[PDB]
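> If you scroll down you'll find the structure; I have some questions about it.
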Amino acid sequence: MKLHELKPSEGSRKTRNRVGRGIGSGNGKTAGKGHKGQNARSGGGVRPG
Amino acid sequence: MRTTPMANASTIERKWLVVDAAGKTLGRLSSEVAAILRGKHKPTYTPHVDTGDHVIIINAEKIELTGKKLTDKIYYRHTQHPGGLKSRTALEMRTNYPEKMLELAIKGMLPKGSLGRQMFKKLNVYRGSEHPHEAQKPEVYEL
Amino acid sequence: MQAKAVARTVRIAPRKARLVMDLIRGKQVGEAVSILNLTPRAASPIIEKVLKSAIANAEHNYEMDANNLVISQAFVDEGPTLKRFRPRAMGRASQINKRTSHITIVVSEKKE
Amino acid sequence: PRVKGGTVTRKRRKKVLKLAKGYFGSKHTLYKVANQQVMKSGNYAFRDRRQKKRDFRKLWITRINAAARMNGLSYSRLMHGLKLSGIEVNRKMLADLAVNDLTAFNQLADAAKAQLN
Amino acid sequence: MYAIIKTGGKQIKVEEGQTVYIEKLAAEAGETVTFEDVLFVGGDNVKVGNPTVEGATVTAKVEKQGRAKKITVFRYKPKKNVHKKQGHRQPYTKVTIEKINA
RNA sequence: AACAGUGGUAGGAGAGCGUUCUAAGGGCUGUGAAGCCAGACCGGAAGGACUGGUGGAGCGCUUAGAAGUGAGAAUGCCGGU
RNA sequence: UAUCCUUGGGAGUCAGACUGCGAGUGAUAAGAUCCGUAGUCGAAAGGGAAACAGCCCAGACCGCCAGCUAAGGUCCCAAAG
RNA sequence: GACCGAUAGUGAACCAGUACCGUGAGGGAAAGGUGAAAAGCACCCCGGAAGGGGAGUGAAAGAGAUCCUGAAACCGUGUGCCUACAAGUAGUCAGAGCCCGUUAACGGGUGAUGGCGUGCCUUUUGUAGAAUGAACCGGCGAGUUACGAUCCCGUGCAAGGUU
């Protein structure tokens with residue numbers, strides 16, 4: 001309804017974005033990190049590919 | 001809570017005690033003396049900061065460690081002398097320079113670094129078999 | 001009551017200049033001026049003259065008296081390293097500097 | 001919309017240097033060095049927090065031991081008679097009272113004689 | 001009268017007119033708590049040495065709840081990137097004795 | 001209430017805090033806004049705000065949505081030293 | 001009973017390390033070189049072994065100037081017959 | 001324009017394709033602010049000369065000619081505490097003296113010396129290191145958006161939905 005109560009019902013409040021800004025509050029420190037010797041690289045920074 | 005009583009004040013005033021050393025071993029004796037030099041002879045805050053008390057050996061020329069125990073005594077220092085590591089024994093301290101056995105055996109039982117060397121100063125060795133330290137009122141005591 | 005002073009456009013390093021400034025402190029103007037005047041360097045008569053002229057003004061306009069004044073405080077503080085070229089060899093392009101200083105001085109009356 | 005994240009930097013950096021009070025040297029005047037000391041301070045803190053409680057125990061035991069010798073007994077048989085009587089243990093902290101108060105010291109000696117080696 | 005009483009896991013020395021810092025209790029302000037767990041008397045009395053004496057009963061007048069100031073605890077794990085922090089402050093009580101009833 | 005507790009990397013799962021912005025219900029300001037600097041700031045678990053001084057013309061809480069979104073190190077980048 | 005069973009949605013990991021127990025390699029020596037078992041560490045502080053994550057003590061989000069054991073002691077200092 | 005706001009953005013916010021560099025094709029910078037209004041310092045004093053030093057200006061002169069707000073590094077100045085027999089990757093924790101004086105917890109300051117001790121990021125099982133980068137401080141800057149696909153979860157119909 002109202003413009004001061006836009007309030008999505010989870011049609012855009014489903015949300016939750018995985019962290020990466022944190023250094024280890026949640027999961028991970030930065031993108032492209034794991035525990036392998038191929039980390040901190042643009043290519044080979046993926047496990048699954 | 002974490003409130004706590006103390007008993008440091010009562011027992012520390014830099015009092016003066018004598019301890020016999022005339023015909024005495026000054027090894028097994030010295031151990032009990034060391035306790036009192038750090039300040040501890042009654043309830044006292046003493047594993048941590050506090051000034052000690054004066055305890056004075058009365059003699060230094062009749063220190064015999066008795067039997068074979070004497071001969072194989074260990075002493076060390078590591079100086080800026082060209083030989084570095086000097087090692088000596090009670091037996092040869094008895095054969096001239098008799099003052100040094102009582103000194104390094106009571107310094108050793110007080111180290112903490114800075115504060116340890118303070119407590120050491122309150123020791124006077126003498127050698128006349130009497131004290132001229134009657135000016136500070138000593139009395140016989142052991143732990 | 002108090003007189004300010006500053007010097008501009010001189011050759012002297014800050015580190016160097018701090019010495020003379022702090023040393024003239026607690027001392028009369030009449031003594032301080034004399035010192036600076038006969039201190040060696042070409043900047044000497046310049047830093048002297050400006051400091052001296054600050055005194056002059058102080059009397060006529062702000063009702064102070066030269067003879068009575070001492071030096072409350074003075075100091076010299078780090079400023080920019082002034083690159084004015086001097087050759088430095090090995091084919092290299094570098095300057096040995098000719099720095100300038102920011103001289104702060106607070107004169108004042110000891111007797112009003 | 002966008003945001004620099006750049007107004008934020010002076011807030012984060014300034015705080016570290018301003019939380020260092022009573023620190024020594026030039027390690028609290030330089031940002032990148034001050035950081036490393038925050039890590040130190042927290043690690044040290046927690047270890048010593050627990051260590052200290054053992055050090056106070058290794059202080060009280062000493063006090064008792066000294067008092068005990070002057071009753072003709074020693075700490076082993078002193079503490080034994082205290083605990084076996086029931087109370088008169090009085091922790092170890094509060095048994096510093098054997099210097100200060102004579103009346104207390106007498107009772108802790110009576111309690112000692114009750115059960116001995 | 002001289003007395004010593006139990007404050008949970010610890011003990012405190014207590015006379016007939018002294019404030020004492022104690023553990024947290026629900027009570028505050030002007031309330032009344034009692035310490036009939038008085039387990040030593042000895043300063044003008046004699047005890048040896050059943051737990052608790054019935055010749056004394058310390059009585060306390062609860063005098064406000066204060067707090068022990070916040071003290072940041074922290075464990076850094078270097079090159080493992082953990083930085084879990086915690087702070088202890090918490091409420092605590094203070095009580096004032098003024099009478100050790102017989 | 002009573003019972004029990006184990007809170008750490010790769011990750012999974014759960015909440016929140018700051019920063020800029022647009023939105024509609026609202027409110028301060030030159031009688032001093034935003035900002036600058038200190039403070040023993042009451043209140044956090046942590047990320048986090050309520051006071052005084054300076055300052056000199058505009059500012060933002062809630063309810064929601066957005067992103068170059070919180071630094072620092074990259075033989076990183078620009079300035080001062 | 002954070003015991004098993006089944007399906008769906010995201011994993012990460014191929015370089016582990018050291019010790020006790022048991023087999024093989026060796027010049028039958030070498031945290032040497034290969035592993036079955038258990039363990040710790042990796043991925044948890046901390047306790048003891050003078051000075052050591054890996055044996056031995058134990059799994060601690062956080063405070064207590066409280067008491068009890070282990071390892072380790074009681075003559076003193078870096079506590080105690 | 002649910003674009004950017006002075007180290008961000010066009011190479012270029014400004015007397016910039018300038019300055020500067022290459023014989024040449026061509027590469028290529030840094031730089032905003034006194035006020036609403038110049039009323040931009042009358043009046044005065046001193047210096048060889050640059051400048052200032054008092055005073056006035058005007059609401060405001062930390063608005064006085066790098067003049068807005070003006071930090072931090074850097075370099076000084078005043079003050080409270082503290083040490084001339086002491087051992088240290090610099091803190092942590094305990095007492096203790098002296099000093100000071102909280103808005104509220106009824107409060108703040110220091111180090112005399114005890115106990116205790118492996119830089120940040122790497123690279124890994126593990127670097128505190130004598131393999132890595134970083135003199136220092138400030139700013140600046142990377143988990144961004146779209147379109148297929150598959151689950152999620154919020155909705156519409158309900159054997160029909162859908163342009």
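All residue names refer to the structure tokens as shown: chains lettered A, B, ... in order, residues numbered from 1 in each chain, ligands numbered from 1 in order.
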Would you give me, as number ranges by chain, the residues of chain D that come within 10 Å of chain B, using only C-alpha atoms?
D: 55-56, 58-70, 93-100
> Do you know which residues are at most 10 Å from range 81-92 of chain E counting only C-alpha atoms (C1' of nucleotides), after dropping those on the same chain fewer than 3 positions away, and could you put them as an MDAnalysis selection string?
(chainID A and resid 22:26 28:29) or (chainID B and resid 1) or (chainID D and resid 39 42) or (chainID E and resid 21:26 28 64:78) or (chainID F and resid 8:9 44:46) or (chainID G and resid 61:63)
> Dump as a list in words the residues of chain B that approach chain H to within 9 Å, counting only C-alpha atoms (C1' of nucleotides).
residues 45, 47, 48, 49, 50, 112, 113, 114, 115, 117 and 118 of chain B
> Please, which residues of chain E lie no more than 7 Å from chain D when the count uses only C-alpha atoms, and can they be set out as a PDB file with C-alpha atoms, in the first residue's frame?

ATOM      1  CA  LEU E  39      31.845 -19.324  59.454  1.00  0.00           C
ATOM      2  CA  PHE E  40      34.543 -17.704  61.565  1.00  0.00           C
ATOM      3  CA  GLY E  42      37.886 -14.425  65.854  1.00  0.00           C
ATOM      4  CA  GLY E  43      39.108 -11.043  67.011  1.00  0.00           C
ATOM      5  CA  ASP E  44      37.509 -11.039  70.453  1.00  0.00           C
ATOM      6  CA  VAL E  46      37.048 -17.998  69.623  1.00  0.00           C
ATOM      7  CA  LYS E  47      36.143 -20.556  66.977  1.00  0.00           C
ATOM      8  CA  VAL E  48      37.460 -24.005  66.093  1.00  0.00           C
ATOM      9  CA  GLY E  49      35.885 -25.114  63.851  1.00  0.00           C
ATOM     10  CA  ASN E  50      32.609 -26.643  62.698  1.00  0.00           C
ATOM     11  CA  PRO E  51      31.189 -24.919  59.544  1.00  0.00           C
ATOM     12  CA  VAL E  73      38.772  -9.135  25.782  1.00  0.00           C
ATOM     13  CA  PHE E  74      39.903 -10.196  22.319  1.00  0.00           C
ATOM     14  CA  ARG E  75      41.737 -13.076  20.664  1.00  0.00           C
ATOM     15  CA  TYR E  76      43.439 -12.365  17.344  1.00  0.00           C
TER      16      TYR E  76
END
> So that I can check the surroundings of range 16-31 of chain C, please list as a PyMOL selection string every protein, DNA and RNA residue that reaches within 10 Å of it, counting only C-alpha atoms (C1' of nucleotides) and ignoring chain neighbours fewer than 2 positions away.
(chain C and resi 12-14+33-36+39+51-52+55+66-78+100-110) or (chain H and resi 76)
